[PDB]
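Report on one structure; see the data block that follows.
Neighbour counts run over all protein chains shown; Cβ positions are idealised from the backbone, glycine included. Read the figures in this text as sums done on the coordinates, not as results from a lab.
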Ligand SMILES: CCCc1cc(C(O)(CC)CC)ccc1-c1cc(OCc2ccc(CO)c(CO)c2)ccc1CC
Ligand SMILES: CCCc1cc(C(O)(CC)CC)ccc1-c1cc(OCc2ccc(CO)c(CO)c2)ccc1CC
């Protein structure tokens, strides 16, 4: 669930 | 499950 | 009257974030799949949009307060508003003359002509350009333009948002500065703030239209395979 | 002795399929995200590979018999062998001289130099080139080269294959022609067939290595977001 969004959000 | 592979396989 | 340091700090924080996430040389565009003048523009535009999401995300992470929201709320805000932030940030390259988006030059000059072969119809392009033109006319300051993007992104009335109250605070502390700045630093900006908020409402309709059209396109794998992982994930329906 | 019409028909069917799915002008490469000499080659190579999958699929759909297998079996065969078919088809552009892949010219000439910044290591590149060189030396005929691709793709010993028996028949009727052709039409090809089958075994190790390295790369979203929907789906682990 939203793998890339997460990694980008940190 | 393999949306694009299917569409391409027909 | 005049603004306070706290407010001035917010503006410098945003303006900087925008500068840091918006390349005026548009030299990154050379790395997109080449533009081509049947949905011949989809590859290049998909890349442009994916790239823009990455910038919009980078902008958010710098909006003061945003980074303290829950990872879940951050996503909910991005997924629902990214498409609007992109329409807002893209205005900085929209030209009233040629009525297009000029990004560094030819090949990257998207007239209503080439923008058609990307899978979208006039049912979106018409209101879109209408929006870009209207907005371009408000000759906003960088400060106001960047505020409007942070306000739009911090709307607590987006589906999926949990803390629809702490985000209410943030957006409010944001609308304050905008209202203030326009009062203290914008001659003839008495009816501006109201015109801007109206734009945020127009972005809601455009968002709706893009969503419908994106679904139809995205449902056809021969087309969805042209998109990028980020575009698929962000504009996807995963809860 | 000599081959039969049925066999000759199979060869013309394959050779044609290869011609129809392999552009000798490599003019489609201009549409890939530009090559760039930190994983600077990943975008361009990802596009090249995705594009290749599309060709490998198009080739399969024309291998006689393949189209009658179950949609499920067709996928199982592609997902497990696509990477090997790509290594096999890519040999047609591998050059012993410069020890690289020359596709239409510069920018599309991938030396072991640029092929490094795509996320893979020597633990793959070494055996790979070794393979390309060895294979390039068997100076196969188009007929034999295309047969080997159809044989490799119709291996019933791939995970996920249901009808591991009807596919056994097809691959067998395929190895027959190869054995025959080499006997009837290839001077000095007494020890060829055996050398070829050995290549199919090497493709198994390369497949294994690529799989390991692909997993590590694909696990890092900053990298997997560089791939394409097709590459992700085909090299993915979805059952
Ligand atoms: C709001 C519509 C966004 C959009 C979405 C899609 C998809 O839905 C997802 C990929 C298709 C499935 C395809 C094309 C488009 C598009 C991009 C444009 O770029 C302006 C361009 C974009 C961004 C910036 C900065 O982020 C600048 C510079 O200011 C210029 C102009 C016009 C259009 C509609 C056809
Ligand atoms: C077998 C390895 C396939 C491969 C996979 C990946 C990924 O796993 C998936 C995207 C990375 C996550 C990235 C790069 C590569 C690659 C491609 C090459 O192209 C030959 C090139 C490819 C195809 C054809 C025809 O299909 C020709 C023309 O004959 C030339 C040469 C060398 C390499 C290893 C670095």
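Residue-by-condition table, conditions (1) more than 26 Å from residue C:68 (Cα to Cα); (2) within 16 Å of ligand 1 (Cβ to nearest atom); (3) more than 14 Å from chain B (Cβ to nearest Cβ):
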| residue | (1), (2), (3) |
| --- | --- |
| C:160 | no, no, yes |
| C:178 | no, no, yes |
| C:193 | yes, no, yes |
| C:226 | yes, yes, no |
| C:236 | no, yes, no |
Filtered residues of the range C:201-212 (kept if touching a helix residue (DSSP H, G or I) at 6+ places or on another chain (Cβ under 6 Å) and surrounded by fewer than 16 Cβ atoms within 10 Å (Cβ to Cβ)): none
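Confirm whether residue D:39 is more than 16 Å from ligand 1 (Cβ to nearest atom), buried (at least 16 other Cβ atoms within 10 Å of the Cβ) and outside any helix (DSSP H, G or I).
On the way: more than 16 Å from ligand 1 (Cβ to nearest atom): yes; buried (at least 16 other Cβ atoms within 10 Å of the Cβ): yes; outside any helix (DSSP H, G or I): yes.
Against the criterion (more than 16 Å from ligand 1 (Cβ to nearest atom), buried (at least 16 other Cβ atoms within 10 Å of the Cβ) and outside any helix (DSSP H, G or I)), residue D:39 qualifies.
I'd like to know if the range D:201-217 contains one or more residues that are within 14 Å of another protein chain (Cβ to nearest Cβ), assigned to a loop (DSSP other than H, G, I, E, B) and more than 17 Å from the chain's Cα centre (by Cα).
Kept after step one, since they are within 14 Å of another protein chain (Cβ to nearest Cβ), are these residues of the range D:201-217: D:217.
Keeping just the survivors that are assigned to a loop (DSSP other than H, G, I, E, B) gives none.
No: the range D:201-217 contains no residue that is within 14 Å of another protein chain (Cβ to nearest Cβ), assigned to a loop (DSSP other than H, G, I, E, B) and more than 17 Å from the chain's Cα centre (by Cα).
Determine, yes or no, whether residue D:145 is within 30 Å of residue D:222 (Cβ to Cβ) and crowded, with 18+ Cβ neighbours inside 10 Å.
Values: within 30 Å of residue D:222 (Cβ to Cβ): no; crowded, with 18+ Cβ neighbours inside 10 Å: yes.
No, not satisfied.
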Output for the range D:6-33, where each listed residue is in contact with a helix residue (DSSP H, G or I) (Cβ under 6 Å, 6 or more places away or on another chain) and in a loop (DSSP other than H, G, I, E, B): D:32, D:33
Candidate set from the range D:218-231 (those that are near ligand 2 (Cβ under 9 Å from one of its atoms) and more than 20 Å from residue A:9 (Cα to Cα)); member that is farthest from the chain's Cα centre (by Cα): D:228
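Does the range C:76-93 contain any residue that is in a helix (DSSP H, G or I), over 28 Å from residue C:215 (Cα atoms) and within 12 Å of another protein chain (Cβ to nearest Cβ)? Let's see the steps before the verdict.
Of the range C:76-93, the ones in a helix (DSSP H, G or I) are C:76-93.
Now narrow it down to the ones that are over 28 Å from residue C:215 (Cα atoms): none.
No - not one qualifying residue is present in the range C:76-93.
Does the range D:68-81 contain at least one residue that is over 25 Å from residue D:30 (Cα atoms) and within 13 Å of ligand 2 (Cβ to nearest atom)? Before the answer, list the steps.
Of all residues in the range D:68-81, those over 25 Å from residue D:30 (Cα atoms) come to D:68-81.
With within 13 Å of ligand 2 (Cβ to nearest atom) added as a condition, the list becomes D:81.
The answer is yes; a qualifying residue exists.
Across the range D:58-70, what is the number of residues that are under 17 Å from residue D:156 (Cα atoms) and either within 12 Å of chain B (Cβ to nearest Cβ) or not in a loop (DSSP other than H, G, I, E, B) (or both)? Outline the logic, then answer.
To start, the set of residues in the range D:58-70 that are under 17 Å from residue D:156 (Cα atoms) comprises D:60-61, D:63-70.
Next, from what is left, pick out any that are either within 12 Å of chain B (Cβ to nearest Cβ) or not in a loop (DSSP other than H, G, I, E, B) (or both): D:60-61, D:66-70.
Qualifying residue count for the region: 7.
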